[PDB]
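In structure tokens, the next block holds one chain alone, the form deposited in one PDB entry.
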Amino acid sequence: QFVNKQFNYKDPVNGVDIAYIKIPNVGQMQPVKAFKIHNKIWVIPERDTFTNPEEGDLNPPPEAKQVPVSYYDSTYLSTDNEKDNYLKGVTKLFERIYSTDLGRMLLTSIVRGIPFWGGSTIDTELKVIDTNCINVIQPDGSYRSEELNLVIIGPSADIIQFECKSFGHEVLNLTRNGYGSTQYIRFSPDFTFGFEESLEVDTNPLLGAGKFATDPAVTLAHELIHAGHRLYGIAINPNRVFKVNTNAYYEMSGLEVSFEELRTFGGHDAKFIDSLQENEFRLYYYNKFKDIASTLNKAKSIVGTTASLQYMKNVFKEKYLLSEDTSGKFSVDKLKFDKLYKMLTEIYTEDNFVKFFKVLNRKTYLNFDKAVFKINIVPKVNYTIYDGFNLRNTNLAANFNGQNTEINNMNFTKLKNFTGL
């Protein structure tokens, strides 16, 4: 039971876990009703029109960066019923991820991954970064600042463009300096991609109509792995890209793929990161954990009355698994660092979650999305916490027939094809 309350979107606000909140970094926004489904994790059942200036409207008319795959529907997720299903759909996916040993570990790491209190211009003091807070409206009408790790919110203009975003700092690269920052994941449980089971077909841009559907639990789990990296500040700079030499169509298109994506998928795709540069990243981020201990040791007092210095030093020693000594100074044990680092980068992978979900999934990040379907995972006759679409004791249990969009017709409505374009 990862979510204690079965939230209904129309549930009255209480100012604790059902409240209207504001995103401080946005700067200008009307309060939005949010739901805290777990310690440090909120769900905003709304379209994301706040987290960036250049996307205030849900209209397909931008010249920023087009993509072969896209779908738009400015009215999606606007009615209260759809927001209720969005909140119920995201909840069921969290529980599905939580019912697996791999997902339970990931979510534990996400809750522990508290963004670092490294925003003090006086190294003798520990102070929060305002990037990692939300403003909750209390019953008296006033605002209350609240730290959180992860925020799940509806997609922006392009409905199927699922990203993980975080607000930046003046100088610090929070997602790549070990500090970490509050992550916002644009996600929707009401859509899912289609893919081909054959590798020759799934990696060819002119073949396949998307026979099989992607289990949205893997999709969310994929995005959680990104947040896991960025909550611990070990995300690889997106400029570090890998040019695919093993695909004739990728090669003829010059399309790159970031190391962060190849790492997040894991399995056979992570090989494309040579051993040389893997130790390059491992050592680099390990040194960033030194500064955190160096900063953590110079801290003699704490700013604010939220928590005591000793409690914040303990939470950061639990997060980064610091090696605590009789003197009280914190250090980084390389043996313990490599375990946490390997846990976040090599254990939490899309490939590994496919093994625990017992589902069919595309075999490589270097494929061509075939189609996008419309789904509804809320009803138990459609989707379950423990089986997804492959419902047990039905004709959908074997051969991933639940994911077979041709055999499980009532659960998938093709909205748009991607092959040929």
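Residue numbers here begin at 1 and follow the sequence given. Residues that one form lacks are left out of the comparison. In this text, the rigid core denotes the largest set of C-alpha atoms whose superposition between the two forms falls within 1.5 Å.
One more form of this protein, solved in complex with a small molecule, exists but is not displayed; see below.
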Taking the shortest heavy atom distance, is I385 within 4.5 Å of the small molecule in the deposited bound form? no
Taking the small molecule as it sits in the deposited bound form, is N297 in contact with it (heavy atom to heavy atom, 4.5 Å or less)? no
Spell out, yes or no, whether the shortest heavy atom distance between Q161 and the small molecule in the deposited bound form is within 4.5 Å. yes
Looking in the deposited bound form, any heavy atom of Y341 within 4.5 Å of the small molecule? no
Can you confirm whether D11, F35 and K92, the three residues that make up this candidate site, all sit within 4.5 Å of the small molecule in the deposited bound form, judged by heavy atoms? no
Heavy atom contact within 4.5 Å of the small molecule in the deposited bound form, the stretch among 102-110, 286-294, 118-126, 153-161: 153-161
Interface residue in the deposited bound form among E196, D351, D269, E261, criterion: non-hydrogen atom within 4.5 angstroms of the small molecule: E261
Pick from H222, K88, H169, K319: which has a non-hydrogen atom within 4.5 Å of the small molecule in the deposited bound form? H222
So which residue among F373, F357, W42, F368 shifts its CA at least 2 Å between this form and the one not shown once the core is superposed? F368
Would you please work out which stretches of at least three consecutive shared residues show Cα displacements of 2 Å or more throughout between this form and the one not shown, after fitting on the rigid core? 366-370
